[PDB]
Amino acid sequence: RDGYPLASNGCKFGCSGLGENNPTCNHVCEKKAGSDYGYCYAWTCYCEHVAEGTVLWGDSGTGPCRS
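Residues numbered from 1 in each chain as written, not as in the entry; some residues may be left out. Heavy atoms only, no water.

Its PDB header attributes the entry to solution NMR.

What follows is the structure, given as structure tokens:
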């Protein structure tokens with residue numbers, strides 16, 4: 001299951017312009033998603049094979065990500 005639902009209106013995984021060092025998006029994807037498919041454009045991070053039952057409400061970069 002793809003991971004582009006952006007459940008958390010604030011942020012899904014790492015990657016966040018207006019935020020601290022939240023590069024977890026890398027390990028996160030290759031950890032629970034066990035895949036190297038990530039998409040970061042704005043203040044947030046996307047991934048594949050993460051929405052397959054897993055959770056999605058902000059990782060480390062979450063918080064001051066997007067409104």
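J.: Looking at this structure, how should I read the state of the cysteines?
T.: Put plainly, two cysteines are in a disulfide when a covalent bond ties their sulfur atoms together. Applying the stated criterion to the full structure yields four disulfides. Put simply, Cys15 and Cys40 are joined by a disulfide, and their sulfur atoms are 2.0 Å apart. Where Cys15 bonds to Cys40 through sulfur, the torsion about that S-S bond is close to -105°, and the disulfide is left-handed. Pair noted here: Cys15 is in the loop between strand 1 (2–3) and helix 1 (25–31) and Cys40 is in the loop between strand 2 (38–39) and strand 3 (46–48), with a separation of 25 residues, a long-range link. There is a disulfide in this structure between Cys25 and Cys45, and the S-S distance comes to 2.0 Å. The S-S bond linking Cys25 to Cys45 shows a torsion near -80°; that makes this disulfide left-handed. With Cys25 in helix 1 and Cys45 in the loop between strand 2 and strand 3, this residue pair connects regions lying 20 residues apart in the sequence. By relative accessible area, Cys45 is classed as buried at 3%. (Disulfide = S-S within 2.5 Å. Helix = DSSP H or I, 4+ residues; strand = E, 2+ residues; numbered from the N terminus. Buried < 20%, exposed > 50% of the residue type's maximum accessible area, 1.4 Å probe, protein only.)

J.: Explain the sheet that holds strand 1 to me, please; I cannot follow it from the model alone.
T.: Where strands meet in a sheet, backbone hydrogen bonds hold them as pairs that are either parallel or antiparallel. Read from one edge to the other, the open sheet built from three strands follows the order 1-3-2, with strand pairing classed as antiparallel. Of all the strands in the sheet, just strand 1 and strand 2 have a single pairing partner and so form its edges. Sheet analysis places strand 1 next to strand 3, joined by two bridges and oriented antiparallel. Each residue of the ladder has a partner; that of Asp2, found in strand 3, is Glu48. (Pairing = 2+ DSSP bridges.)

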